[PDB]
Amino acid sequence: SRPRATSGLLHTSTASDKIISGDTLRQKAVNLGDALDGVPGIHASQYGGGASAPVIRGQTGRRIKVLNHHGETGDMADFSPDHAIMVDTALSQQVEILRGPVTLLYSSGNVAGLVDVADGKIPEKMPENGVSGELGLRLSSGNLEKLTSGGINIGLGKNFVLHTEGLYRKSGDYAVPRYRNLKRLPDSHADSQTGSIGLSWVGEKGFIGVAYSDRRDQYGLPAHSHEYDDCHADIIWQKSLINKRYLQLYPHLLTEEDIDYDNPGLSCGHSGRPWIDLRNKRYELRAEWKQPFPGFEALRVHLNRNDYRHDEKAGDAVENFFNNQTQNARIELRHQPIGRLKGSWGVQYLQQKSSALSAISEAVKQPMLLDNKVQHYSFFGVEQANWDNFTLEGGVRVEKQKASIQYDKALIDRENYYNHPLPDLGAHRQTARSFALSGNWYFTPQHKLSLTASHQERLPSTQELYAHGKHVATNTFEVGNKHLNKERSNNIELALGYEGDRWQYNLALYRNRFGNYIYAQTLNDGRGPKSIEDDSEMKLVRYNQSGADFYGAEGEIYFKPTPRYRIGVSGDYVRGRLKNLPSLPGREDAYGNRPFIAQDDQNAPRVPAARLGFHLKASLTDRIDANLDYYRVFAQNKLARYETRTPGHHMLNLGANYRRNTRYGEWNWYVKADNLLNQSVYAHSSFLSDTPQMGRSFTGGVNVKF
C-alpha cells in the first residue's frame, strides 16, 4: 500500500504534506530538528547535541505544533531551544508534516506546520507470527555517538498485545573545524535513554490501550558563560517597588507605568560544568473504534498525563528548576457521510501546571515563571466536501484559556496596607476563534494543486504574560506583558505537486501576515549606564506587540532517467519582517518631558538563510543504494536588531545502504559520511549563530526488522 497520515480522523491532504518513514529515521540524527533538517522549508534550531527544534518556514515554538502521537508533548521546548523536545523520531513509525485545517484540531496559532510523530507504544493490530519488532545499533565518529535501540510486540493470545521499546544514546562533545585551540566543542555532549511499555486490545471494531513511558536526558549547555550568575535585573521603578510593594513578591503584576524607562538593565555583583538533567514520565491511553453509535463512522479518544521536569545545573549544583505537569484529554468523532461531505468534530481539555524557578540563593525574587495553572477548553472540527476531482475542507477551533495564579492574599493585604488599591488578581481568561479553508484540485492526476488559507488567533502563553526572570541560555532577562492581545494571523499558501514515473516535484509558496505579533522588545539599549555596551551583551526584554510579515518559498524536483537513478534539486527561502513597531518612551528630558521614539520596520530575529540542494540516488543493485547530497547554504545578510552576519557553507554528504534478508527478519546496513568538506557550519536560526556545528563525521549503523 502507501503512506497515509493518521493525525486527522478525517483525512485531509494538501500537496505540501510530507510523510517521513521511521525506517528512514533510524538512520537520521536523534533530535527532531536535526532529523527534519534538510526537508524543504525546514531548518534547525540546534543547541548542542542535547536539543534541536524544527524551524518551519521561518517559524518555531508556539507558531508550529509538535505532537507526540496526536498528543501534547508536555515538555518546555516552547520556553527556549535550550530544552529538548519530548518525541523519539528514532523509535517512530512515521513523522507526518501536515498543513491545512488539520492544524485546527490541535492548536490555535499554528501557521507553518503540524509535526505529528506516530509510535508503536500501542500496537493497534496483532503481530504476524505472534511476535515482531526490531533491533538497532550505530556509531558515529567525532560525535562520538553510540546509539542502541530496540522494540518488541508480543501477542498475549487472540486479542491482546504487549509492547516494549527503548533506546540509549551516548555522545561526547562534537568535533569542530578551525574553532581554534579546541578539538571538540565543550559542553555539547549528550546522553539520553527512553523506555516504554504498552498493552492494548484488538478489533474490529478497533482498539483500546494504555502505555507508560520514561525518559532521561543529560546534556551540556554549550557556550555558557557564568558572568551573569551573580546578576539581577532592575526594571521596575524603585518608587513603584516601594509603594505598590506587591511587585517585590509578584513582579508579574506590573503595568507600563511601573517600567523604569530611564536606566533599566542588569546589576551584577557555581564553578561547575553547565548541563541539563531532564526527566519525563508519561501515562497515556489511546482508543479508536469503527462504529461507535448510529450516525458516526469513527470514534477516537485520547487521555494523557505527563510529568515533566528538568534541572539546569552547574556541576552537582542546581541553578534552575523547571517543571510542567500536563493532563490532556481529547474526543473526536467522524460522522457518517451526509452527502459527499464528511466531517470530524472534537473536544479537548488541556491543563498545564508549570513553573521555572531559580534555586533559593535567593539573590532576590525574580521568577522566570512563577507557578501557574493554564486550562484550555477547546471545541474544534473539520468538514470536507467532495466534487469528485476537487475537495474543499473547512476547519474551526474555539478555545477558551484560563490562566490562574495562586496568590497569598494573606501576605499581600498586610504588606501593602495603604495607600494603594490592589490590581485585579483575577484569572486571566481569553478566547481564540480560528478558521481555515482549503481547496484541492487533482487536475490531470497524479497532479495535485492546493490553495490553503486560515485566519487564526493565538492565545498568549503565561511565559509571554508573566515572565520576570533571567534565562542565561538565551542570553536574556524576560519580562512578561500581562495584557497582551491575541496574535492574529492571516495565512495563505499555494502548493503544487506532481509524480509521474520519470518526474516528481513539490513546490510551495506562502505568506503569513500578523496581526498583533508578539515579539521580544529590548529595553536596556540606548538609555542609562546599565544599557548594553556591546551587541553580544545580555538583553533585558519585555514582550510587546506589532505587525509581522513572513513570506517564502520552498520546493524539490526529481528526475529519473533510469529506474536505477534519481537526480534532484531542492531549495528554500524565507523572509521575516517586523512591521508597525510600537513607539517607546525614551529618556526623560531636563524639562521632565519623556517623548515616544518611533522605531522603523526591521527584520525578524534568527530567520533561516536560503538553501539549495543537489541530490543523487542510485540502487546498484537490489541491495546497495548509494546516495549523494550537496547542500549550498547561503549567507544571511537580512539581520535583525542585534544579529551578526552568518555564513555560508557547503554541506557534502555521502551515503550507502545494504539491504539483505534471512530467516525471521530484514537486515538494513548503512554507512554515512557527513560534512566531508569539514566546513564551518553555522545556523543563523539558532541561539548559537556564531558557534560552529559538527565538523565532519562518519557513521556506521545496522537496523534489523523481524
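Quick note: we count residues from 1 along the sequence shown, nothing fancier.
According to the PDB entry, the deposited sequence runs on from residue 421 to residue 422 with no residue lacking coordinates between them.
The stretch 616 to 624 shows the higher mean C-alpha B-factor when 507 to 515 is compared against 616 to 624 in the entry. Per the PDB record, of the two stretches 44 to 52 and 649 to 657, 649 to 657 carries the greater mean B-factor over its C-alpha atoms. Of the residues listed, 486, 340, 282, 376, the entry assigns the biggest Cα temperature factor to 340. Each of 232, 309, 270, 189 has a CA temperature factor in the record; the biggest one is found at 270. Among all modelled residues in this chain, the alpha-carbon of residue 578 has a temperature factor (C-alpha) in the lowest third. Sorting the modelled residues of the chain by their CA temperature factor places residue 109 in the lowest third. Sorting the modelled residues of the chain by their CA temperature factor places residue 100 in the middle third.
When the CA B factors of the chain's modelled residues are split into thirds, the value for residue 36 lands in the middle one. Sort the chain's modelled residues by C-alpha temperature factor and residue 464 lands in the lowest third, per the entry.
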